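First the structure, in the form of structure tokens, and then the observations on it.
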Amino acid sequence: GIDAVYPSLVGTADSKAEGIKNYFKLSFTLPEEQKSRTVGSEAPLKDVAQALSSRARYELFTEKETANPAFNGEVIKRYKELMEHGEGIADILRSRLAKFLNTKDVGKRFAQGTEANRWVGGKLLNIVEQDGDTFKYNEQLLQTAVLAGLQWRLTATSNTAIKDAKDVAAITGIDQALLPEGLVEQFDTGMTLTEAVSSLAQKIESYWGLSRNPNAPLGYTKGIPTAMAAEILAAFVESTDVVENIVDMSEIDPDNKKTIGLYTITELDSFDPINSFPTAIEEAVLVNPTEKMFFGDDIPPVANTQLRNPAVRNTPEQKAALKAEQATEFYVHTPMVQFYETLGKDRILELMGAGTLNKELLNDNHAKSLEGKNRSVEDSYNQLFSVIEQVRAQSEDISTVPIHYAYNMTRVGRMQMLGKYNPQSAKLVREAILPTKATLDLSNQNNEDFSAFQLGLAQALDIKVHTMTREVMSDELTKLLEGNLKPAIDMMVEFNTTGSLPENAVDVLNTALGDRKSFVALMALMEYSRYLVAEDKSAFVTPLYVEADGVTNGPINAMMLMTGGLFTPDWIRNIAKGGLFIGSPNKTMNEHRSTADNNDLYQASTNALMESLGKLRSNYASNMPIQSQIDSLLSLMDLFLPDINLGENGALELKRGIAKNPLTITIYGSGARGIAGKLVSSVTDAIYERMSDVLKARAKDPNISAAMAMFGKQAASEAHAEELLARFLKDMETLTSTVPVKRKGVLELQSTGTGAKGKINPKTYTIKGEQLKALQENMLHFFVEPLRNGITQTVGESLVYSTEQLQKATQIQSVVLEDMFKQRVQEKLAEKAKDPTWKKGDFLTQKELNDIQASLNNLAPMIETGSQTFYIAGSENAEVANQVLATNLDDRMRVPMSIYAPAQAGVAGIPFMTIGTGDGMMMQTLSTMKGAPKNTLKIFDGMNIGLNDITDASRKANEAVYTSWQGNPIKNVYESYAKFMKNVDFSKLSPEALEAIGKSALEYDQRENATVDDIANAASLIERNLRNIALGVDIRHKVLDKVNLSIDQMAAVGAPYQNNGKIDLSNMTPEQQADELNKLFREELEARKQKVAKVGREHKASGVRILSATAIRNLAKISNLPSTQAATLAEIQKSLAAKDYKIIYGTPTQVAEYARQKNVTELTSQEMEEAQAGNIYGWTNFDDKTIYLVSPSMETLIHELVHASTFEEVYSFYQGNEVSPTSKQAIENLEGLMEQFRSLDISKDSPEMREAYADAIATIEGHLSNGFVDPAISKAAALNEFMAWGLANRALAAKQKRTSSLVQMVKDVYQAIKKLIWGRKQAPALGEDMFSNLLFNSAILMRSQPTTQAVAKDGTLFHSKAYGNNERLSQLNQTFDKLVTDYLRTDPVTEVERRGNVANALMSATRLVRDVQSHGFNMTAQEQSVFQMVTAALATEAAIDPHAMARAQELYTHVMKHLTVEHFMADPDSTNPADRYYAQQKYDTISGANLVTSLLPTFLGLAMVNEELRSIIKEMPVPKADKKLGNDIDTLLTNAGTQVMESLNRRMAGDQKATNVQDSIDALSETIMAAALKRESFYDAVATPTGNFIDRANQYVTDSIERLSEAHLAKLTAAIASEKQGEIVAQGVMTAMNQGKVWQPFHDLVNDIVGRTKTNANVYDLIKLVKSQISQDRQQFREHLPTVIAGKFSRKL
């Protein structure tokens, strides 16, 4: 033991004594085995100096036969100098020891007997050796530590993996996803004080080779090395090896003030020989090294615990996936590493970054953000070539050395490589080290291997492969290769045969690639250039890959795991965007995006945002200053942030899987204030970047203006840029000098100082302080709140409910666990305080902490799912200890005490379950499934696949998605919450803890004066809610497994997976599929419930009975109601019988079956919670005047007659009709009460009354804040819901209640309805029963016309080969919507004659659009719609402002001087007279001869859409007057077009009613409506893969025949169309069919049709057979035959 080894330690070694004590030999034991080779060496420094003398000596020390060949002669010399450097710092520590022995007579006091070794900063004196008068370190304990410090210096940051997200939020107070760019990347440079010394203290303990004492105070087993590690950290920062930095984000944050210090270690020279082998000392002193690179057969072990979660043990299923990943082998790519080193590190930075950087040509705020951008690349560049240098030393061929990596399980159940820079995280290393390989036959360009080769190249160059067919993708790829990228490819071809690059290589690549610049784009060019120069193209070996990426993986996974209740048609359509197709076998994502829908979930959320903003803006028609504030915010965003779809799509940033999109951030529970800060930070970054362009433009020409140097590329003239500058300055001052505030449901503007003034000064421009705060306040109220409503509309309101309950349960559980852990360490400190041995400054033992942690097991802290384990509250906090661990000898650096204890989870509950169970289980299954794909790199939600296994590995990836979607996150969380309620005691919590749980369990009004019994009642109510959500999810997954599905979530190739369901759901509309799925949902509910327990005509096909008008007249007597109100029904009966009201009633099954047969949408109200109660309600169809009842009684039938009649008066009043004067006052009186209804205080009411009020408000406000529904319909619905609430709560409020404000409201509304029902005649006295407890329970159905913005925005992103797939037109159509379509009035359009002035311009412009296409300019359906819409926008503006087309006249006249007929002829010297005729036809239209005034707007519109005309125009010379701008004629024409529309945008955004332009806009909206519906008809008419009119028609008829009806010869015809002989196809097709015998199967079918041969088949069976043969011949002869002919050429013609 330690008594035997170095027994010359100072002090007494006894456990207890009265004299001085040495606690080192007590807190540390002696392991029996060997861990450090210097345990028995007095002088370890000379033990390694002799070890590193030569290769022969190095072999014997480590006890192995062979060493790493990289230990060559050069690195021996470099280690000798570094070893001497460690000796230089060894003597430095001696000097500080001598100073301590005499300064402040500490040694003299130590000589007296004072226990200074037990102090905060004296723990280092437990090891100091005795020399009598003087004292000194034990030499062995000192030398072994320096080697730990030296090895730490080289690999301090290399081994530091990616920091966890939870830790970053803890040290900042803001979620890492909402942090601005640059600061997040700054973590690689700086590490906090605790992190710097804890890492160094880990090495020191390991190098000593000792064992901790489990029964010793934590202030000695952990504080002794930490105190000495800080000493070694000193004299290292003294040599400037580490720098000191202070954070600024929290410093500049208007609210946060938590300053954080950072520590960054300086790098080393990239050419250092020591960089070729930096792990010589580590692998010599140690026995089993942990810092290693695995070559050949070296396989890493499997970790037994999670990452930074020692309490969680890896499950046996998890350990199988970790083993599989580390078995994959990697090889370097030789061509890339040779290309990288020729460019150099500096040229790489210029290409990838923003060019060369200098303080003169950069904004102050913009320049500092590039430091973190450039820091990552240089570190990654150095790391890659350090690894390669080690590989090259082991073999002559560097491309044949296998390399293995390490993996571990993170806190959310993902797999992450160990190391900061690796192929998983860094993208520079990704293209040099790959595990994929393939062999292809490229001798023919029509092969199938060439098609897969093209897919890899197209995806690398930023082409959306997962949205187009494989034929369309090849068309666009070839254009780039022979077009813009041609100069770059030619340069690359020269490099492959010369090894040299042009001087201006960086400039060439920037012009070629453009905005597609990425490290994978250079890979595509290298492989293509290698292909051209190869001679034998039949055995090409390439590492090119294609990644299978998920389509909105985040939101889609959450939508399938935390959704309950019945199915809805909205859910079916929205889930299709993720790749879940119902009733469509063998369907792929490419087919869906080409014929069904091209809008993803990210775009759908944005569309709903603009509808909510329009509704909010419309409510302030009487408050002009508020409206102008909204327009300023929108105008500023368009100038700098065209699209808000943020993400991890950068170029020089590491990949961590963090979600930074506004849609995903909101769902994960981020705060509203936090979101607004992130959006503001993006806008200001774009402003700062523009300030770095004016500085550069000034250098080239110091005479230009500020407007020219900023908005030059977007200006059509000199004066246009002046308008843009003035608009930008006006908007900026308004936002930063005014703030919106909320005053009882309305917004009021207030002044808070002054904003930015008139001075740019691009070098020193900054927005900060009070101006920054006013920016975020404007965005929070005007942008974030409308954004939340739009998200709830897409993902559904059922998922939002489940997220709130999950967050509340996880927050409450973590707060309790945090309080009891702190309450039990305070007891042990008090118990140990009386112990004489214990002394303040120590802490608990390791065993005591273990028992306290094990004492909370009855509260169920961990969640188990059967394959994964989660510990949300786990963290390495420091607030629990609230002490000081140790400090430096100069009392400068103080290290606090950190323990592994539970911590508050905040709002981390939601992202934990979505990622761990949705994506983690998906990607863990893929590794361990039967037949898993091999040789793939998987990052977090993608998987790189070699080109030889794409079609099969992409199908097993989709299969793993299906298995992942069978989990239940809510059920697993509930199982732990139920046990937590079983062993908790709320009366033993701290006063602050009870306050924290109150904020989650209770509302605002009931928060103050909260009783403990009130906290427990609400806390136990959440447990009931989770039980109902879990039950609903379980039934949903069981039902979905019984139908046929096709899953294409993770795919970019077109290989889906089938679930082999047996119930057919095809040939149905989305509303029909919901009815079928809801039937099975209720069937499963009935079976479980029974398990525990063990007058009118009738329809023929169902038990439903029908009651018509004039059939319930006698029912007045049957009810035997009082005679005073009996006469009322006699009047109600007459009214409803006048408009043909019929009543349908039956059992729930009978009434549901009737709807399916008659195609009726039902609105029955019942839930699983209501199923236990057992009450069903019907619905009313106001469109056709039909009432549907479920199991009616005498009371309910009477209640509905007086309810339907009442709603008719409400509908008529709000439709602009006239009503009785008595009814008009009653509705008006009710309307006024509703205004005060939503402003009451319910804090003094009964708990059961609060729930009723809460439900009413949520549904009422939804109708009022709805923008896509007709306001007349929405207004009536809101009032109808108000009456139902009052009648429902009359009984329970009239008794056992006080006279509260809400109670009086119930009594008033009841009387208000009484006057409305009875009219002007006398009503029954107050307090009398209405109709034996009258109630309103049936729902209403209402429909109306959709708005213009609804249909125009639907077809914006349509694209297809038969429809048109021009990308430039879609982007042009997007900017049109922002300027024109968004500002149209929300009311639905009408049809009036509209005689006026602008209406003449639109009629004239419509005729010219058609006339242009009939006189030489053919257009597709996509080009036609954009041509019509844009021209009508310029036509109405020119009819209001006569000088709008002044600039376009100058450009039109200049073009006419350099135009000739020969410009329109492909062959200038053709002989066919028809070729010249068509060219002359196009010339006349441009000259205006054919068109024969609104002629100018048509030309301006045509010059933007047509692609053939723009090619001719761009080659014309530029006038000398416009040479200053520096733009071609085509861009000058497109910039003039937006100027006209921008002027019109201001016209519609002002006071339309007073300007007398309201009628003119109503004419423009009609034209947009007409053109939107026309492109909705051409689309869906080509909705087939072939895009043919006939093919689509045949498919519709076939599916309509299978609905009513409720093989061999197909192979022979395939052989006829696949003949490759040449001598056989020359004999005709009659001979082949006669020789092919195919005439016999045809005879059998026709013989049945004619009747010669008898058969038992019906008509529908034979019709399905004849129509199946026709489609077979069309498929083979029109599609497959042309491919055979084209396959005989070795080229693409």
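By order of appearance in the structure tokens: chains A, B, ..., then residues from 1 within every chain, and ligands from 1 in the order shown.
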
Filtered DSSP result for stretch 759-988 of chain A, state strand (DSSP E), as a ChimeraX atom specification: /A:863-864,869-870,874-875,884-887,894-896,901-902,937-938,943-946

Near residue A:1035, counting only C-alpha atoms, which residues have an atom at most 8 Å away, once you skip same-chain residues fewer than 3 positions from it, shown as a list in words?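 With the cut-off at 8 Å, the set is residues 1031, 1032, 1038, 1039, 1081, 1084 and 1085 of chain A.
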
Emit the selected residues as a PDB file, in the first residue's frame, including C-alpha atoms.
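Once everything was written out, this is selection-v7.pdb:
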```pdb
ATOM      1  CA  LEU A1031     -54.269   5.967 -24.598  1.00  0.00           C
ATOM      2  CA  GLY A1032     -55.097   7.958 -27.728  1.00  0.00           C
ATOM      3  CA  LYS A1038     -52.554   0.107 -33.965  1.00  0.00           C
ATOM      4  CA  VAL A1039     -55.101   1.266 -36.550  1.00  0.00           C
ATOM      5  CA  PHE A1081     -60.646   4.013 -34.031  1.00  0.00           C
ATOM      6  CA  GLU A1084     -60.910  -0.488 -30.953  1.00  0.00           C
ATOM      7  CA  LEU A1085     -62.299   1.697 -28.155  1.00  0.00           C
TER       8      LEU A1085
END
```

How many Å lie between atom CA of residue A:148 and atom CA of residue A:22, rounded to one decimal?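 Taking atom CA of residue A:148 as the start and atom CA of residue A:22 as the end point, the length is 24.3 Å.
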
Considering only C-alpha atoms, can you say which of A:1666, A:1325, A:281, A:1171 comes closest to residue A:82?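 Going through A:1666, A:1325, A:281, A:1171 one by one, the smallest distance to residue A:82 is for A:281.
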
Excluding residue A:1392 and any residue of its chain fewer than 4 positions from it, enumerate the residues within 10 Å of it, using only C-alpha atoms, and give them as a PyMOL selection string. chain A and resi 1562-1563+1566

Can I get the selection written as a short mmCIF file (atom, residue, chain, number, x, y, z; two decimals), in the first residue's frame, with N, CA and C atoms?
```cif
data_model
loop_
_atom_site.label_atom_id
_atom_site.label_comp_id
_atom_site.auth_asym_id
_atom_site.auth_seq_id
_atom_site.Cartn_x
_atom_site.Cartn_y
_atom_site.Cartn_z
N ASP A 1562 -60.07 46.88 -56.72
CA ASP A 1562 -61.04 45.80 -56.90
C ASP A 1562 -61.02 45.26 -58.32
N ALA A 1563 -60.62 46.08 -59.29
CA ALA A 1563 -60.47 45.60 -60.66
C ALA A 1563 -59.21 44.77 -60.84
N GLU A 1566 -59.65 41.11 -59.46
CA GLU A 1566 -60.41 40.20 -60.32
C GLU A 1566 -59.51 39.56 -61.37
#
```

Residues within 8 Å of residue A:1361, please, as a PyMOL selection string. Count only C-alpha atoms; anything in the same chain fewer than 3 positions from it doesn't count. chain A and resi 472+1364-1365+1587

Output N, CA, C and O atoms for every residue in the selection just made, as a compact mmCIF listing (two decimals), in the first residue's frame.
```txt
# COMPACT_ATOMS: atom_id res chain seq x y z
N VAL A 472 -35.35 14.92 -65.77
CA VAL A 472 -35.26 16.37 -65.64
C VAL A 472 -33.94 16.78 -65.00
O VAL A 472 -33.34 17.79 -65.38
N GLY A 1364 -43.69 23.25 -67.09
CA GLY A 1364 -42.64 24.27 -67.09
C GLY A 1364 -41.89 24.19 -65.77
O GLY A 1364 -42.47 24.13 -64.69
N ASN A 1365 -40.56 24.19 -65.87
CA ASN A 1365 -39.68 24.06 -64.72
C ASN A 1365 -38.58 25.11 -64.77
O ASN A 1365 -37.40 24.82 -64.56
N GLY A 1587 -46.93 13.02 -67.96
CA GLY A 1587 -47.45 14.35 -68.25
C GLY A 1587 -48.23 14.43 -69.55
O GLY A 1587 -48.05 15.39 -70.31
```

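Relative to atom CA of residue A:733, atom CA of residue A:756 is found at 5.2 Å.
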
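Distance check against residue A:558 using only C-alpha atoms: of A:584, A:1333, A:917, A:529, the minimum falls on A:917.
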